[PDB]
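Undergrad: Need coordinates for the following:
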Amino acid sequence: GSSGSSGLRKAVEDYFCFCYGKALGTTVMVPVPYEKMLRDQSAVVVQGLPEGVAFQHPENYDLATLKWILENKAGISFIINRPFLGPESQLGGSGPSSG
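TA: Residues are numbered from 1 along each chain as shown. Next up is the structure itself:
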């Protein structure tokens, strides 16, 4: 499944999602499409970050920053502007594919 409680880096990730999910208007967690945002920032905007700090993967953020983001997450907000484009649907359901 998709859990996230222990650890910091993850926590930051588990959070960022909750945001996107809260922005999307869902009641679950969404996998922040970094590659997307990274590639083009004309989809989702980031607000509430530290000076001279992007929303880049947290895995990079220094143990300090990571804690910073968390210490200033209430300020972090995903300013949605528009959805993404391209071939992608993904059905809602998981199953063990044998073979």
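
Undergrad: in this protein, which spans are strands?
TA: Assignment of strands within the chain using DSSP state E yields the ranges 44-47, 77-80.

Undergrad: any chance of the ones you listed in TSV, with mean neighbour count and distance to residue 8 too?
TA: Using the backbone N, CA and C atoms, a C-beta is placed for each residue, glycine as well. Shown next, in TSV, are the strands of the chain (neighbours: other C-beta atoms under 10 Å; distance: least, C-beta to C-beta, whole Å):
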stretch	mean neighbour count	distance to residue 8
strand 44-47	16	19
strand 77-80	15	20
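
Undergrad: Reformat these as TSV; add distance to residue 86.
TA: Shown next, in TSV, are the strands of the chain (distance: least, C-beta to C-beta, whole Å):
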stretch	distance to residue 86
strand 44-47	15
strand 77-80	17
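
Undergrad: just so I know, which of these lies nearest residue 16?
TA: Proximity to residue 16 (C-beta to C-beta) singles out strand 77-80 among these, at 8.1 Å.
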